[PDB]
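Colleague: Quick one: structure below, then a few questions.
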Amino acid sequence: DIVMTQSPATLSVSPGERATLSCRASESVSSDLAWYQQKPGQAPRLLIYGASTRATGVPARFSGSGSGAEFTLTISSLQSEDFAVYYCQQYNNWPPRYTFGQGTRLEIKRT
Amino acid sequence: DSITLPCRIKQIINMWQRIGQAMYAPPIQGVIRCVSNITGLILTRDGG
Amino acid sequence: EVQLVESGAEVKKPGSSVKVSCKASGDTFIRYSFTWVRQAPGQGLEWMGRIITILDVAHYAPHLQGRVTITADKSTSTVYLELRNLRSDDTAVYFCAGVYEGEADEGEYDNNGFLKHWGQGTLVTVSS
Amino acid sequence: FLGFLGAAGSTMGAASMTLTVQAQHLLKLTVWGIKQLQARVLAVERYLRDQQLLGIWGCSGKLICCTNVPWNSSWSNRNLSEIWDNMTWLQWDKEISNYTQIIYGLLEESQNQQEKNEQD
Amino acid sequence: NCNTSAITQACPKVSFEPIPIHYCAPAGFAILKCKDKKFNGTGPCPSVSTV
Ligand SMILES: *[C@@H]1O[C@H](CO)[C@@H](O[C@@H]2O[C@H](CO)[C@@H](O[C@@H]3O[C@H](CO[C@H]4O[C@H](CO)[C@@H](O)[C@H](O[C@H]5O[C@H](CO)[C@@H](O)[C@H](O)[C@@H]5O)[C@@H]4O)[C@@H](O)[C@H](O[C@H]4O[C@H](CO)[C@@H](O)[C@H](O)[C@@H]4O[C@H]4O[C@H](CO)[C@@H](O)[C@H](O)[C@@H]4O)[C@@H]3O)[C@H](O)[C@H]2NC(C)=O)[C@H](O)[C@H]1NC(C)=O
Ligand SMILES: CCCOC(=O)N1c2cc(CNC)ccc2[C@H](NC(=O)C(=O)Nc2ccc(Cl)c(F)c2)[C@H]1CNC(=N)N
Ligand SMILES: *[C@@H]1O[C@H](CO)[C@@H](O)[C@H](O)[C@H]1NC(C)=O
Ligand SMILES: *[C@@H]1O[C@H](CO)[C@@H](O)[C@H](O)[C@H]1NC(C)=O
Ligand SMILES: *[C@@H]1O[C@H](CO)[C@@H](O)[C@H](O)[C@H]1NC(C)=O
Ligand SMILES: *[C@@H]1O[C@H](CO)[C@@H](O)[C@H](O)[C@H]1NC(C)=O
Ligand SMILES: *[C@@H]1O[C@H](CO)[C@@H](O)[C@H](O)[C@H]1NC(C)=O
């Protein structure tokens with residue numbers, strides 16, 4: 001298949017502040033990475049496709065950008081429903097042997 | 001003064017070589033200009 | 001805007017074959033591209049396969065190739081995923097996905113790779 | 001090779017009389033130089049391919065030859081006078097396009113018929 | 001009925017503009033040509049020329 005490694009894998013930032021999510025590509029994906037948001041319970045939802053173009057019926061506060069092997073999705077103000085698992089799937093290869101991402105993990109701060 | 005024809009850059013074309021149905025990549029970004037002559041017509045008569 | 005309804009959760013045994021249907025409604029079914037993607041419990045999404053409805057051709061993932069066939073019928077306007085040689089760790093939630101790509105009947109085609117419309121998500125659990 | 005073709009417009013008799021008269025830039029001039037040798041080498045290798053056949057019917061090295069055999073009237077009968085002053089060689093070919101095999105098979109047997117004289 | 005055999009492959013864009021192309025007869029064949037302008041399809045062309 002196609003491997004997808006990231007370094008650093010994930011950094012710990014407390015909830016309540018602006019956070020950016022970085023996706024790294026093993027290959028040279030020009031602008032062929034899409035971003036999906038998956039809150040647990042149902043199917044995900046596409047937000048950014050083309051690595052920059054906003055999907056229909058999604059808030060404009062989310063902002064995705066990047067190219068090549070570096071892509072970044074940024075939030076403006078956190079929302080209650082904006083705490084989910086974010087998947088970055090590339091689809092540059094052809095024939096379509098596309099590969100998904102790994103998601104992002106957030107831990108419950110139980111004292 | 002100038003008569004225009006509106007048209008699209010298709011993708012799923014029937015190959016002229018044989019009985020098939022190809023499919024090509026989405027069109028590139030940029031100006032695709034072709035200034036070409038017209039030295040022929042192909043016509044057929046009416047059925048009735 | 002346009003919703004897709006997937007078949008109910010099915011449970012089978014290893015060594016068998018499973019079939020799951022996703023029915024799309026709202027637009028013309030044949031003018032779409034459909035990607036089948038699976039999610040293991042507690043694991044990220046796994047891209048299984050793709051099919052171009054106007055053209056009736058499928059491409060599957062290499063590591064998963066050989067045990068999955070994706071077909072679709074425009075008459076009933078639904079896409080079927082069929083999996084062979086079921087085995088325990090393949091327990092997962094299966095998802096159909098569909099994308100609009102332009103006026104496909106006349107010849108136009110975009111061939112988008114992302115996923116916009118999604119099914120409700122069937123669950124397959126193969127075990128003892 | 002094929003330069004002996006401009007006489008085609010000339011009629012039967014004119015062709016008969018004219019018979020005896022005669023029967024990088026560097027890279028572009030080489031790949032198109034060979035293609036002019038493959039024509040002349042074929043010109044001789046066909047000349048020897050058909051002069052040998054002429055050696056079966058008896059006459060070799062002869063531009064105009066004639067053997068001991070009559071002419072069947074079934075072969076597009078027409079007077080010799082008209083078919084030699086106003087008649088095209090291509091038209092003659094088309095008129096006798098079917099009978100060439102018959103003639104070319106019988107000429108050999110006639111030559112062997114003559115050959116039996118010194119074979120005896 | 002007919003087995004639609006997909007031959008999926010890579011389809012990179014590339015410049016594609018026609019260029020002139022002559023067709024030539026090799027090793028003992030000659031290409032006629034009707035130099036006459038008023039043409040009729042079949043029929044005679046009393047202006048022929050070998051090229
Ligand atoms: C009937 O006949 C007519 C005429 O006889 C034909 O018309 C022709 O059609 C072709 C096909 O498109 C035209 O070719 C195109 O020409 C473009 C103009 O190029 C010229 O001007 C530029 C000005 O900058 C010059 O630089 C060029 O000269 C040099 O160009 C490159 C530059 O690096 C050199 O490397 C070369 O060695 C040249 O010496 C020309 O003089 C030209 O831009 C274009 O090439 C682009 O488009 C093709 C299309 O696929 C790409 O594959 C290619 O890579 C180029 O990509 C550029 O553009 C795309 C978007 O368009 C961008 O995404 C890229 O990043 C990049 O910027 C192509 O070569 C030709 O000009 C035209 N003739 C005339 C007189 O107009 C008809 O085709 C023919 N048939 C029919 C059915 O009508
Ligand atoms: C077998 C070789 C002869 O080809 C035919 O038999 N064809 C034929 C014949 C007739 C009968 N009339 C005599 C009607 C229609 C067609 C079809 N034509 C084209 O598909 C065509 O022209 N495509 C095209 C695409 C792009 C560009 Cl740019 C272009 F310039 C042209 C075609 C049948 N191929 C098919 N159904 N897959
Ligand atoms: C169109 O015709 C004119 C006149 O014969 C000629 O100069 C021109 O080159 C032609 N166009 C093309 C693209 O060859
Ligand atoms: C062509 O034929 C005419 C007969 O009308 C003749 O007078 C003329 O000399 C011929 N020309 C050539 C070049 O054969
Ligand atoms: C053929 O030419 C001869 C000349 O002797 C003549 O007598 C005869 O009538 C001619 N026949 C035809 C059909 O022209
Ligand atoms: C040669 O034979 C074909 C069919 O065998 C016939 O059509 C044609 O007319 C014949 N040629 C002549 C000059 O009779
Ligand atoms: C074209 O050729 C045909 C074939 O004989 C002929 O009947 C017709 O009259 C010709 N048309 C012209 C010369 O305009």
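To be explicit about the labels: the chains of the structure tokens are called A, B, and onward in the order shown, and within each one the residues are counted from 1, while ligands get numbers from 1 in the order they are shown.
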Could you list the protein, DNA and RNA residues that have any atom within 9 Å of ligand 5, counting only C-alpha atoms and all ligand atoms, and write them as a list in words?
Modeller: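 With only C-alpha atoms and all ligand atoms and a cut-off of 9 Å, ligand 5 is contacted by residues 78, 79, 80, 81, 82 and 83 of chain D.
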Colleague: Neighbours of ligand 1 at 6 Å or closer, counting only C-alpha atoms and all ligand atoms: which residues, as JSON, numbers by chain?
Modeller: {"B": [28, 29, 30, 31, 32, 34, 35, 36], "E": [14, 15, 17]}
Colleague: Take the selection from the previous step and output its residues with N, CA and C atoms, as a PDB file, in the first residue's frame.
Modeller:
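Saved to selection-v6.pdb:
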ATOM      1  N   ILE B  28      -7.352  21.396 -18.248  1.00  0.00           N
ATOM      2  CA  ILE B  28      -6.288  22.141 -17.583  1.00  0.00           C
ATOM      3  C   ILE B  28      -6.762  23.545 -17.239  1.00  0.00           C
ATOM      4  N   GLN B  29      -5.984  24.250 -16.424  1.00  0.00           N
ATOM      5  CA  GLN B  29      -6.264  25.633 -16.065  1.00  0.00           C
ATOM      6  C   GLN B  29      -5.435  26.550 -16.955  1.00  0.00           C
ATOM      7  N   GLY B  30      -6.108  27.390 -17.721  1.00  0.00           N
ATOM      8  CA  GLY B  30      -5.434  28.313 -18.612  1.00  0.00           C
ATOM      9  C   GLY B  30      -6.266  28.544 -19.855  1.00  0.00           C
ATOM     10  N   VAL B  31      -5.702  29.336 -20.759  1.00  0.00           N
ATOM     11  CA  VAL B  31      -6.344  29.638 -22.033  1.00  0.00           C
ATOM     12  C   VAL B  31      -5.965  28.564 -23.042  1.00  0.00           C
ATOM     13  N   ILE B  32      -6.969  27.996 -23.699  1.00  0.00           N
ATOM     14  CA  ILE B  32      -6.775  26.978 -24.724  1.00  0.00           C
ATOM     15  C   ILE B  32      -7.294  27.577 -26.023  1.00  0.00           C
ATOM     16  N   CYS B  34      -7.224  28.092 -30.280  1.00  0.00           N
ATOM     17  CA  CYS B  34      -6.960  27.400 -31.539  1.00  0.00           C
ATOM     18  C   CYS B  34      -7.590  28.207 -32.663  1.00  0.00           C
ATOM     19  N   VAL B  35      -6.759  28.812 -33.501  1.00  0.00           N
ATOM     20  CA  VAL B  35      -7.216  29.575 -34.655  1.00  0.00           C
ATOM     21  C   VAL B  35      -7.063  28.684 -35.881  1.00  0.00           C
ATOM     22  N   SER B  36      -8.152  28.050 -36.305  1.00  0.00           N
ATOM     23  CA  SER B  36      -8.085  27.019 -37.327  1.00  0.00           C
ATOM     24  C   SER B  36      -9.026  27.347 -38.472  1.00  0.00           C
TER      25      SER B  36
ATOM     26  N   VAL E  14      -0.845  16.448 -22.221  1.00  0.00           N
ATOM     27  CA  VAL E  14       0.343  16.625 -23.048  1.00  0.00           C
ATOM     28  C   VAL E  14      -0.046  17.419 -24.284  1.00  0.00           C
ATOM     29  N   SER E  15       0.888  18.234 -24.775  1.00  0.00           N
ATOM     30  CA  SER E  15       0.641  19.024 -25.973  1.00  0.00           C
ATOM     31  C   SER E  15       0.366  18.115 -27.163  1.00  0.00           C
ATOM     32  N   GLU E  17      -0.819  18.796 -31.104  1.00  0.00           N
ATOM     33  CA  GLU E  17      -1.197  19.631 -32.232  1.00  0.00           C
ATOM     34  C   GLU E  17      -0.770  18.936 -33.519  1.00  0.00           C
TER      35      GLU E  17
END
Colleague: Would you mind listing, as a ChimeraX atom specification, all residues of chain A that have at least one atom within 10 Å of chain E, where only C-alpha atoms are what counts?
Modeller: /A:93-96
Colleague: What residues of the protein or nucleic acid chains come within 9 Å of ligand 7 when you use only C-alpha atoms and all ligand atoms? Reply as a list in words.
Modeller: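 Those within range of ligand 7 are residues 38, 39, 40, 41, 42 and 43 of chain E.
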Colleague: Please provide as a PyMOL selection string all residues within 10 Å of residue 27 (chain C), with the sequence filter that same-chain residues fewer than 2 positions apart are discarded (counting only C-alpha atoms).
Modeller: chain C and resi 1-3+24-25+29-32+100
Colleague: So how far away is CA of residue 92 (chain D) from CA of residue 12 (chain D), in Å?
Modeller: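 Separation between CA of residue 12 (chain D) and CA of residue 92 (chain D): 9.0 Å.
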Colleague: Fewer than 2 positions away in the same chain doesn't count, so skip those; otherwise give me all residues within 9 Å of region 16-18 of chain C, counting only C-alpha atoms, as a list in words.
Modeller: residues 10, 11, 12, 13, 14, 20, 67, 81, 82, 83, 84, 85, 86, 87 and 124 of chain C
Colleague: Figure out the distance between CA of residue 39 (chain B) and atom 11 (N, counted along the ligand's line) of ligand 3, please, to one decimal in Å.
Modeller: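 Going from atom 11 (N, counted along the ligand's line) of ligand 3 over to CA of residue 39 (chain B) covers 9.6 Å.
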Colleague: Give the residue list for ligand 4 at 8 Å, counting only C-alpha atoms and all ligand atoms, as a ChimeraX atom specification, sorted by chain and then by residue number.
Modeller: /D:7,9-11
Colleague: Residues of the last selection are to be written out with C-alpha atoms, as a compact mmCIF listing (two decimals), in the first residue's frame.
Modeller:
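Result saved to again31.txt:
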# COMPACT_ATOMS: atom_id res chain seq x y z
CA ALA D 7 5.64 7.28 -72.73
CA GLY D 9 0.45 8.82 -73.12
CA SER D 10 2.14 7.90 -76.39
CA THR D 11 0.10 5.40 -78.37
Colleague: Residues of chain A no more than 12 Å from chain C, counting only C-alpha atoms: send them over as a PyMOL selection string.
Modeller: chain A and resi 1-2+31-38+40-51+53-58+85-105
Colleague: As a compact mmCIF listing (two decimals) with N, CA, C and O atoms, in the first residue's frame, please: the residues near region 10-13 of chain B (cut-off 12 Å, only C-alpha atoms, same-chain neighbours under 5 positions excluded).
Modeller:
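out.txt was written with the following content:
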# COMPACT_ATOMS: atom_id res chain seq x y z
N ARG B 18 -12.97 2.94 -32.78
CA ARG B 18 -13.72 1.70 -32.72
C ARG B 18 -14.93 1.90 -31.80
O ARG B 18 -15.24 3.03 -31.40
N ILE B 19 -15.61 0.81 -31.48
CA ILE B 19 -16.76 0.85 -30.58
C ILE B 19 -16.21 0.81 -29.16
O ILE B 19 -15.78 -0.24 -28.67
N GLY B 20 -16.21 1.96 -28.50
CA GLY B 20 -15.71 2.04 -27.14
C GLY B 20 -16.32 3.22 -26.42
O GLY B 20 -17.29 3.83 -26.89
N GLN B 21 -15.76 3.52 -25.25
CA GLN B 21 -16.16 4.71 -24.51
C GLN B 21 -15.00 5.07 -23.58
O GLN B 21 -14.87 4.49 -22.51
N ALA B 22 -14.20 6.04 -23.99
CA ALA B 22 -13.01 6.42 -23.22
C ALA B 22 -13.41 7.28 -22.03
O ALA B 22 -14.59 7.38 -21.67
N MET B 23 -12.42 7.88 -21.38
CA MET B 23 -12.65 8.94 -20.40
C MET B 23 -11.32 9.62 -20.09
O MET B 23 -10.36 8.94 -19.72
N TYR B 24 -11.26 10.93 -20.21
CA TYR B 24 -10.01 11.66 -20.08
C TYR B 24 -10.03 12.58 -18.87
O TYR B 24 -11.04 12.73 -18.18
N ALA B 25 -8.88 13.20 -18.62
CA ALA B 25 -8.68 13.98 -17.42
C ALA B 25 -9.46 15.29 -17.49
O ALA B 25 -9.80 15.77 -18.57
N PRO B 26 -9.76 15.90 -16.34
CA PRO B 26 -10.43 17.19 -16.35
C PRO B 26 -9.57 18.23 -17.04
O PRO B 26 -8.33 18.17 -16.99
N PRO B 27 -10.19 19.21 -17.69
CA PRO B 27 -9.42 20.19 -18.48
C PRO B 27 -8.45 20.98 -17.62
O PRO B 27 -8.68 21.22 -16.43
N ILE C 52 -17.40 4.07 -10.93
CA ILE C 52 -17.93 5.15 -11.75
C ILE C 52 -19.23 4.64 -12.37
O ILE C 52 -19.23 3.72 -13.19
N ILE C 54 -21.70 6.00 -14.36
CA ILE C 54 -21.97 6.22 -15.78
C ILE C 54 -21.20 5.25 -16.65
O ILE C 54 -21.61 4.95 -17.78
N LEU C 55 -20.10 4.72 -16.14
CA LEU C 55 -19.17 3.93 -16.93
C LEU C 55 -19.10 2.47 -16.48
O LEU C 55 -18.66 1.62 -17.26
N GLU C 101 -20.49 14.91 -10.08
CA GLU C 101 -19.32 15.19 -10.90
C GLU C 101 -19.67 15.91 -12.20
O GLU C 101 -18.82 15.99 -13.09
N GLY C 102 -20.88 16.42 -12.34
CA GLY C 102 -21.28 17.11 -13.56
C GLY C 102 -22.18 16.25 -14.42
O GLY C 102 -22.50 15.10 -14.11
N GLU C 103 -22.58 16.84 -15.55
CA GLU C 103 -23.57 16.23 -16.42
C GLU C 103 -22.99 15.02 -17.15
O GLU C 103 -22.47 15.12 -18.27
N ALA C 104 -23.07 13.86 -16.50
CA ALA C 104 -22.35 12.68 -16.96
C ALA C 104 -22.98 12.04 -18.19
O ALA C 104 -22.27 11.46 -19.01
N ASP C 105 -24.31 12.12 -18.33
CA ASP C 105 -24.97 11.45 -19.43
C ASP C 105 -24.50 11.98 -20.78
O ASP C 105 -24.25 11.20 -21.71
N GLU C 106 -24.35 13.29 -20.89
CA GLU C 106 -23.97 13.88 -22.17
C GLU C 106 -22.50 13.67 -22.49
O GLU C 106 -22.13 13.62 -23.67
N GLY C 107 -21.64 13.55 -21.48
CA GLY C 107 -20.23 13.33 -21.73
C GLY C 107 -19.33 14.05 -20.75
O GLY C 107 -18.14 13.76 -20.66
N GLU C 108 -19.90 15.00 -20.02
CA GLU C 108 -19.13 15.75 -19.05
C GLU C 108 -18.78 14.87 -17.86
O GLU C 108 -19.61 14.07 -17.41
N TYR C 109 -17.57 15.01 -17.34
CA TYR C 109 -17.20 14.26 -16.14
C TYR C 109 -16.03 14.94 -15.44
O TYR C 109 -15.04 15.29 -16.08
N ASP C 110 -16.16 15.09 -14.12
CA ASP C 110 -15.17 15.76 -13.28
C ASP C 110 -14.20 14.77 -12.64
O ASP C 110 -13.00 15.05 -12.57
N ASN C 111 -14.71 13.63 -12.17
CA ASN C 111 -13.91 12.61 -11.49
C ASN C 111 -13.30 13.17 -10.20
O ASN C 111 -12.09 13.15 -9.98
N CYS E 11 -3.36 8.93 -17.30
CA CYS E 11 -3.78 9.84 -18.37
C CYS E 11 -3.21 11.23 -18.13
O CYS E 11 -3.94 12.15 -17.73
Colleague: Give the residues close to ligand 6, within 12 Å, counting only C-alpha atoms and all ligand atoms; write them as a list in words.
Modeller: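 For ligand 6, the residues inside 12 Å are residues 74, 75, 76, 77, 91, 92, 93, 94, 95, 96, 97, 98, 99, 100 and 101 of chain D.
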Colleague: Between B:38, B:9, B:15, B:3, which is the closest to ligand 2 once you count only C-alpha atoms and all ligand atoms?
Modeller: B:15
Colleague: What residues in chain E lie within 10 Å of chain C, counting only C-alpha atoms, written as a ChimeraX atom specification?
Modeller: /E:4-8
Colleague: If we count only C-alpha atoms, what is near residue 61 (chain D) at a cut-off of 10 Å, once residues fewer than 5 positions away on the same chain are taken out, given as a ChimeraX atom specification?
Modeller: /D:51-52,54-55
Colleague: Generate a file of the selected residues that holds N, CA and C atoms, formatted as a tab-separated table (two decimals), in the first residue's frame.
Modeller:
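The result, stored in part17.tsv:
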chain	number	residue	atom	x	y	z
D	51	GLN	N	13.73	-11.17	-66.82
D	51	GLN	CA	14.52	-11.63	-67.95
D	51	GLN	C	14.73	-13.13	-67.90
D	52	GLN	N	14.85	-13.70	-66.69
D	52	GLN	CA	14.93	-15.15	-66.57
D	52	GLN	C	13.65	-15.81	-67.06
D	54	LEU	N	11.71	-14.52	-69.28
D	54	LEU	CA	11.86	-14.40	-70.72
D	54	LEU	C	12.76	-15.50	-71.27
D	55	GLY	N	13.71	-15.98	-70.47
D	55	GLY	CA	14.54	-17.10	-70.87
D	55	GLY	C	13.82	-18.43	-70.87
Colleague: Any idea what's packed within 9 Å of residue 69 (chain D), counting only C-alpha atoms, ignoring anything in its chain fewer than 5 positions away? Could you give it as a PyMOL selection string?
Modeller: chain D and resi 106-107+110
